[PDB]
Amino acid sequence: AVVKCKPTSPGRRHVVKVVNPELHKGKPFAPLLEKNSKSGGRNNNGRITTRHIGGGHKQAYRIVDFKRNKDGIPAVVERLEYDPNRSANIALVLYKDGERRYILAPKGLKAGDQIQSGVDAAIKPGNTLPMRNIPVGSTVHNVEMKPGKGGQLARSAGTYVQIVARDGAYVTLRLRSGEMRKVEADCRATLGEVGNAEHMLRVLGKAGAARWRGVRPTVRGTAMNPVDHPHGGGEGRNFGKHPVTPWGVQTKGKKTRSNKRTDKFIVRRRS
Amino acid sequence: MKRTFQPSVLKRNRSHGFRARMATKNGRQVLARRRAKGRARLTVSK
Amino acid sequence: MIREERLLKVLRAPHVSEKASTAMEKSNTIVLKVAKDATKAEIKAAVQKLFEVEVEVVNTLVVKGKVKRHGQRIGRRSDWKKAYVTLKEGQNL
RNA sequence: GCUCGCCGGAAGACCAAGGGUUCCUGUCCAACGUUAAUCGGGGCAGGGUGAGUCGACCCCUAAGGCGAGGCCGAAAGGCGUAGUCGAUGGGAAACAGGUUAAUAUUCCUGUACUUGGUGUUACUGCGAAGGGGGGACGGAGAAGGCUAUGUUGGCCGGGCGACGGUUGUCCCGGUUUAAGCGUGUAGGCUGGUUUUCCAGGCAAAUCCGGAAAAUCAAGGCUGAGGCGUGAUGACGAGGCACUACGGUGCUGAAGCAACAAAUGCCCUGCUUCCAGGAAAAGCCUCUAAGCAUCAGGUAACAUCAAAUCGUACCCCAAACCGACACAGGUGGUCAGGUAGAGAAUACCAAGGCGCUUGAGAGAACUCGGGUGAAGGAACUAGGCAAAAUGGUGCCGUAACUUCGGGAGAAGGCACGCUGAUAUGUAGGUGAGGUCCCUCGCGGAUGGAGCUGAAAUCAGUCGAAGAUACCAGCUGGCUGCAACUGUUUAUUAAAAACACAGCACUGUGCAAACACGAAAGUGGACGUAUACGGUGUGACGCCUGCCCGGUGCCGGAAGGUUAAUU
RNA sequence: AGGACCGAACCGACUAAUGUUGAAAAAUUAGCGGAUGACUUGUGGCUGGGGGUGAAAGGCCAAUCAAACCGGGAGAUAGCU
Ligand SMILES: [Mg+2]
Ligand SMILES: [Mg+2]
Ligand SMILES: [Mg+2]
Ligand SMILES: [Mg+2]
Ligand SMILES: [Mg+2]
Ligand SMILES: [Mg+2]
Ligand SMILES: [Mg+2]
Ligand SMILES: [Mg+2]
Ligand SMILES: [Mg+2]
Ligand SMILES: [Mg+2]
Ligand SMILES: [Mg+2]
Ligand SMILES: [Mg+2]
Ligand SMILES: [Mg+2]
Ligand SMILES: [Mg+2]
Ligand SMILES: [Mg+2]
Ligand SMILES: [Mg+2]
Ligand SMILES: [Mg+2]
Ligand SMILES: [Mg+2]
Ligand SMILES: [Mg+2]
Ligand SMILES: [Mg+2]
Ligand SMILES: [Mg+2]
Ligand SMILES: [Mg+2]
Ligand SMILES: [Mg+2]
Ligand SMILES: [Mg+2]
Ligand SMILES: [Mg+2]
Ligand SMILES: [Mg+2]
Ligand SMILES: [Mg+2]
Ligand SMILES: [Mg+2]
Ligand SMILES: [Mg+2]
Ligand SMILES: [Mg+2]
Ligand SMILES: [Mg+2]
Ligand SMILES: [Mg+2]
Ligand SMILES: [Mg+2]
Ligand SMILES: [Mg+2]
Ligand SMILES: [Mg+2]
Ligand SMILES: [Mg+2]
Ligand SMILES: [Mg+2]
Ligand SMILES: [Mg+2]
Ligand SMILES: [Mg+2]
Ligand SMILES: [Mg+2]
Ligand SMILES: [Mg+2]
Ligand SMILES: [Mg+2]
Ligand SMILES: [Mg+2]
Ligand SMILES: [Mg+2]
Ligand SMILES: [Mg+2]
Ligand SMILES: [Mg+2]
Ligand SMILES: [Mg+2]
Ligand SMILES: [Mg+2]
Ligand SMILES: [Mg+2]
Ligand SMILES: [Mg+2]
Ligand SMILES: [Mg+2]
Ligand SMILES: [Mg+2]
Ligand SMILES: [Mg+2]
Ligand SMILES: [Mg+2]
Ligand SMILES: [Mg+2]
Ligand SMILES: [Mg+2]
Ligand SMILES: [Mg+2]
């Protein structure tokens with residue numbers, strides 16, 4: 001559900017919120033919860049290594065099963081849940097032997113639905129199979145890059161991967177970026193799209209809403225002095241130079257990928 | 001107004017105390033310099 | 001059991017003041033100066049063995065030595081321990 | 001000592017931090033104290049800090065620190081594993097009265113509570129470094145039940161008034177009591193019990209999770225406050241006998257109800273929202289190795305233990321941070337009366353103070369204020385400053401608008417006191433009595449007593465009734481920035497910065513990028529609906545032409561071209 | 001409901017006067033802005049000098065900042081006074 005707030009105050013005028021009625025209103029499953037304090041973008045030297053990070057709401061980490069390696073035990077979806085740590089929603093599933101787990105909730109999945117993993121799983125959304133057993137043309141998500149490592153590709157809200165080809169031991173995947181990549185056919189994938197496709201229709205509306213998510217203000221380079229940015233300086237608004245990062249690398253079109261180890265797997269760049 | 005010195009005994013001992021000096025070779029060199037000068041008070045400890 | 005040598009060492013002096021005398025009268029309590037490291041149990045055992053009276057409780061405090069200016073030089077008297085020894089209402093030490 | 005004045009959400013009281021004897025007593029007045037000093041936070045001397053329950057220490061962890069081995073690095077060293085530290089957080093237990101010149105939840109009196117070690121008895125499956133439950137957690141809002149507390153009445157004791165009245169519907173004062181134990185309430189959550197089974201909880205489990213049936217329909221957990229006991233005790237206004245005038249001591253009445261009522265408690269509750277809200281131990285439970293009539297566990301009684309350290313005093317300040325006995329700064333708690341929406345404000349209570357130079361005079365001028373004829377911005381860079389407006393209820397309110405606003409637009413009327421309605425109304429609170437039952441801190445009825453707005457009418461005083469304190473000036477046109485925010489600590493608060501939104505661009509995850517000779521770390525326990533960089537800056541309508549120059553992206557025929565040979 | 005409204009505590013600092021060998025090496029008085037939030041505050045911790053940190057003023061990093069402080073090279077050099 002996408003609903004616009006009424007302009008009863010200037011900070012509310014442009015707010016557009018995503019409210020999902022189905023989401024659980026209670027507390028999360030306690031044994032599947034771990035704490036994680038914030039870093040502020042600071043590394044173990046105590047230096048800011050990533051700017052514009054800090055503050056925001058306290059969050060508990062939910063242990064999500066990206067591996068999906070209970071083969072042959074059917075599971076039932078108990079309830080959808082809000083996960084602060086990611087854009088997608090998650091589903092708390094109960095296994096027939098009494099094990100409870102969190103999974104990425106695919107589009108369409110709801111309470112009472114059955115899911116299953118393994119080679120003999122039925123082709124239906126939320127089921128996990130090796131891509132050997134998944135037909136060419138299927139839409140999948142939570143794609144493994146190595147067998148047994150856990151899904152790593154297409155995990156954000158509303159994303160998915162298209163299985164384009166299958167030759168030998170490798171499948172050709174079409175990624176959200178447009179890149180065509182090769183991954184091993186033993187790698188597991190989950191049928192269907194990631195849910196919460198309406199997540200991109202949100203409008204924060206005010207600066208405080210970005211602050212609630214741990215995002216600190218960005219200061220433009222041209223607004224500062226030359227001592228601390230190549231864009232700095234000037235009597236009035238002056239630029240006269242090719243745009244660069246704070247460290248001097250050109251930031252409009254220059255390419256930065258340098259990985260000859262994984263170049264063999266890239267069928268075509270995203271263009 | 002609020003001034004620069006705002007005393008805390010715990011912070012004082014953790015910053016300049018005897019154990020803090022002993023924990024690094026540079027602090028041990030501070031202690032050697034102060035012993036060689038003949039200082040009655042080596043650190044802020046007491 | 002605490003050793004006899006320790007008991008002979010712990011007790012130092014009886015404290016003489018009007019508060020101590022009021023303790024002796026009102027509450028049958030003697031006030032002593034003891035060693036800085038003399039515990040309550042050692043004080044009780046030493047009073048019983050060395051003053052031959054029955055004790056039911058001792059109370060202790062540490063007195064901080066004062067700072068005194070003697071000939072413009074700065075000095076500090078030593079800290080000492082003081083004991084309030086209650087005799088169990090039948091002794092009259 | 002008697003008056004006077006000042007603070008009283010503090011200028012009173014208690015703490016933490018910080019200080020360290022400044023605390024109390026005697027004595028002294030050189031120096032110190034912005035003057036004197038007989039006085040002092042000054043000199044000198046003596047005295048003073050009493051704990052199983054308060055805190056530390058202790059058990060347990062957060063951020064973070066250190067870190068055996070380890071990985072890395074010319075050396076020095078960096079990071080990090082197992083671990084081990086680290087509160088600002090979790091974890092056993094005490095209250096009231098009395099007492100010193102100076103301590104007291106520590107001493108004394110009374111009445112309690114916690115944990116541990118032993119000893120005996122009786123029953124008996126005990127046991128972890130492991131499994132599980134629990135601890136255990138956000139913001140906002142609403143209502144009910146309470147209590148602290150206050151007011152009035154009743155009750156007790158005392159009074160009969162320096163000037164007209166004051167035996168009464170008069171005046172003054174008191175009317176207090178804890179923890180614990182018993183009760184299990186207003187209320188909150190949740191269906192129980194019993195069989196059998198199981199791809200789960202690293203092994204196991206009767207424990208937790210799941211599955212299938214029977215049976216019953218009330219069980220369990222939590223819970224302020226009240227009541228009873230504690231307590232025939234203590235305290236108590238006042239009386240009495242001495243005084244060192246400070247006080248010593250004896251006795252000591254009544255000690256009830258109603259009403260109002262928190263920002264405190266029930267409540268870590270309930271409702272709701274999105275930004276989705278510590279950890280670990282104590283604690284309960286389950287077993288494994290193991291022991292296996294032993295040990296150990298449980299229940300009762302006895303008895304012993306609870307150490308050490310802190311404890312004086314200041315603590316919005318003359319004792320801390322400011323070189324000062326300095327108009328500065330400094331976290332938490334307590335929270336009376338009248339009026340008031342109020343922790344504003346005025347006047348007061350408890351309590352605390354008059355700020356460590358005074359005495360005169362009554363010039364100019366300076367500072368801070370009061371009032372002002374006639375005029376009313378003529379002043380000036382500029383209405384700077386000042387003057388003015390100011391409350392509640394009701395009526396009434398334009399352009400424009402993103403339909404929310406604009407708006408308290410503007411403007412206007414009423415406003416005190418007395419009586420009546422109504423010997424106190426509508427409402428709120430609620431006793432006695434009666435009726436019922438799964439019988440009590442129960443249900444229903446009944447409404448005495450108490451408390452008590454708003455309105456209308458009539459009358460009445462003053463120049464003036466939101467009378468003091470307190471408490472919006474309003475309107476028209478226009479530049480800039482959408483807006484709330486941020487900034488040059490100490491001459492600039494803005495049109496500057498940020499901002500939601502927009503766009504370009506990079507990035508396929510051992511991501512790009514950043515900090516690092518490195519190992520690693522952040523990005524992120526994220527995965528293109530993501531993350532970084534850059535510019536623009538809500539929203540509406542839009543965003544034209546140029547790739548010659550510079551940059552970037554792509555291409556590789558040809559020219560040129562390094563080490564090398 | 002709200003980076004909603006009026007307004008104390010609390011956080012700030014727009015105007016004026018005083019003060020300028022100050023009561024004060026940045027305050028006082030009267031007015032002024034925010035006041036449930038991008039709020040404010042206590043305790044503890046981390047980031048170190050061509051480095052940090054910065055809603056960006058070359059601001060801030062112990063009354064010191066277009067390169068902190070302390071010690072050292074060091075009696076730097078000074079065609080200048
Ligand atoms: Mg960024
Ligand atoms: Mg931005
Ligand atoms: Mg600038
Ligand atoms: Mg440059
Ligand atoms: Mg220009
Ligand atoms: Mg130009
Ligand atoms: Mg002294
Ligand atoms: Mg004194
Ligand atoms: Mg004299
Ligand atoms: Mg003098
Ligand atoms: Mg003195
Ligand atoms: Mg003690
Ligand atoms: Mg005792
Ligand atoms: Mg840690
Ligand atoms: Mg080592
Ligand atoms: Mg380390
Ligand atoms: Mg520890
Ligand atoms: Mg603590
Ligand atoms: Mg005292
Ligand atoms: Mg009451
Ligand atoms: Mg409040
Ligand atoms: Mg005290
Ligand atoms: Mg003075
Ligand atoms: Mg002062
Ligand atoms: Mg303050
Ligand atoms: Mg006031
Ligand atoms: Mg007054
Ligand atoms: Mg005059
Ligand atoms: Mg004048
Ligand atoms: Mg005037
Ligand atoms: Mg006039
Ligand atoms: Mg006139
Ligand atoms: Mg006029
Ligand atoms: Mg003019
Ligand atoms: Mg003129
Ligand atoms: Mg003005
Ligand atoms: Mg005025
Ligand atoms: Mg113009
Ligand atoms: Mg603006
Ligand atoms: Mg503003
Ligand atoms: Mg500021
Ligand atoms: Mg300035
Ligand atoms: Mg300014
Ligand atoms: Mg990584
Ligand atoms: Mg701009
Ligand atoms: Mg613009
Ligand atoms: Mg253009
Ligand atoms: Mg507001
Ligand atoms: Mg405003
Ligand atoms: Mg002011
Ligand atoms: Mg306001
Ligand atoms: Mg500049
Ligand atoms: Mg400075
Ligand atoms: Mg330099
Ligand atoms: Mg040289
Ligand atoms: Mg020289
Ligand atoms: Mg020359």
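Only this structure's heavy atoms are used, side chains among them; waters, hydrogens and symmetry mates stay out. Convention: sequence-line order gives letters A, B, ...; per-chain numbering from 1.
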Rounded to whole angstrom, note down the P distance from D/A112 over to D/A94. 15 Å

In whole Å, measure the gap between the P atoms of D/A162 and D/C242 for me. 33 Å

Taking any heavy-atom pair under 4.0 Å as a contact, classify A/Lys254: base, sugar-phosphate, or nothing. sugar-phosphate

By sign alone, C1'-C2'-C3'-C4' of D/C79 puts its sugar north or south? north

Could you tell me how far D/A422 sits from D/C266 if I compare only their P atoms? Round to whole Å. 48 Å

Watson-Crick or G-U wobble, both distances under 3.5 angstrom: are D/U149 and D/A260 paired? yes

Under 4.0 Å between a side-chain N/O of A/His14 and OP1 or OP2 of D/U402, yes or no? no

What distance, rounded to whole Å, do you find between the two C1' atoms, one in D/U175 and one in D/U423? 33 Å

For D/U166, give its Watson-Crick or G-U wobble partner with both distances under 3.5 Å, or none. none

Side chains of A/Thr139 and A/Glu193: does their closest heavy-atom pair fall under 4.5 Å? yes

Between P on E/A63 and CZ on B/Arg3, what's the gap in Å once rounded to a whole number? 10 Å

In whole Å, what separates the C1' atom of D/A51 from that of E/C10? 40 Å

Where does D/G42 land, syn or anti, given syn is within 90° of 0? anti

Indicate whether OP1 or OP2 belonging to D/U21 is found under 4.0 Å from a side-chain N or O atom of C/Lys66. no

With both distances under 3.5 Å as the test, what is the Watson-Crick or G-U wobble partner of D/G238? D/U251

Using a cut-off of less than 4.0 Å, is there contact between a side-chain N or O of A/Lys17 and OP1 or OP2 of D/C274? yes

Which class fits the ring pair A/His231 and A/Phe239: parallel under 30°, tilted 30 to 60°, perpendicular over 60°? perpendicular

Distance between the P atoms of D/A518 and E/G51, in whole angstroms? 16 Å

In the strands shown, is D/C123 matched to any nucleotide by a Watson-Crick or G-U wobble pair with both distances under 3.5 Å, and which? D/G297

Is the ring of A/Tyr61 stacked on the base of D/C525, with centres less than 5.5 Å apart and planes under 30° off? yes

D/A56 versus D/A75 - spacing of their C1' atoms, nearest Å: 45 Å

I want to verify the glycosidic state of D/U185; is it syn or anti under the 90° rule? anti

Residue pair A/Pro74/A/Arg86 against RNA chain D: nearer the 5' end by closest nucleotide is A/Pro74

All N/O pairs under 3.5 Å across the protein-nucleotides 80-90 of chain D interface:
unit_1 : atom_1 : unit_2  : atom_2 : d
D/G86  : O3'    : B/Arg14 : NH2    : 3.2

Would you call the sugar of D/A489 north or south from its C1'-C2'-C3'-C4' torsion? south

Write down the distance between CZ (A/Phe66) and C1' (D/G526), rounded to a whole number of angstrom. 9 Å

Testing A/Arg101, A/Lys70, A/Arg100 one by one against A/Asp65 for a salt bridge (charged side-chain N to carboxylate O under 4.0 Å, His left out), which residue passes? A/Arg101

Between the base of D/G50 and the side chain of C/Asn59, is one N or O donor paired with an acceptor at under 3.5 angstrom? yes

With the six-membered base ring of D/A514 as reference, does the ring of A/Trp247 sit under 5.5 Å away with planes under 30° apart? no

Looking at D/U507, I'd like to know if its phosphate oxygens (OP1 or OP2) sit under 4.0 Å from a side-chain N or O belonging to A/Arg270. yes

Please tell me if A/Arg216 has a side-chain N or O lying less than 4.0 Å from either OP1 or OP2 of E/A38. no

Please determine, for D/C417, whether a Watson-Crick or G-U wobble partner exists with both distances under 3.5 Å, and give it or none. D/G459

Polar side-chain atom of A/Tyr102 near backbone of A/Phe29 as donor-acceptor pair, under 3.5 Å: yes

With a 4.0 Å cut-off on heavy atoms, is A/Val15 in touch with a base, just the backbone sugar-phosphate, or nothing at all? nothing

Checking all strands, does A/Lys146 fall into the base, sugar-phosphate, or nothing category for heavy-atom contacts under 4.0 angstrom? nothing

Pair of N/O donor and acceptor under 3.5 Å linking D/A528 base with A/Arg176 side chain: no

What's the CG-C1' distance between A/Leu23 and D/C273, to the nearest Å? 13 Å

Under 3.5 Å on both distances, the Watson-Crick or G-U partner of D/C245: none

For D/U488, does the glycosidic angle fall within 90° of 0 (syn) or outside that (anti)? syn

For A/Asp71 and for A/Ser37, find the nucleotide of RNA chain D with the closest heavy atom, then tell me which residue's nucleotide is more 5'. A/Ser37

Nearest whole angstrom, please: distance from the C1' of D/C197 to the NZ of A/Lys96. 11 Å

If the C1' atom of D/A262 is compared with that of D/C320, how far apart are they to the nearest Å? 35 Å

Complementary nucleotide of D/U345, counting Watson-Crick and G-U pairs under 3.5 Å: D/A339

Positive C1'-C2'-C3'-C4' counts as north, negative as south. Which one applies to D/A498? north

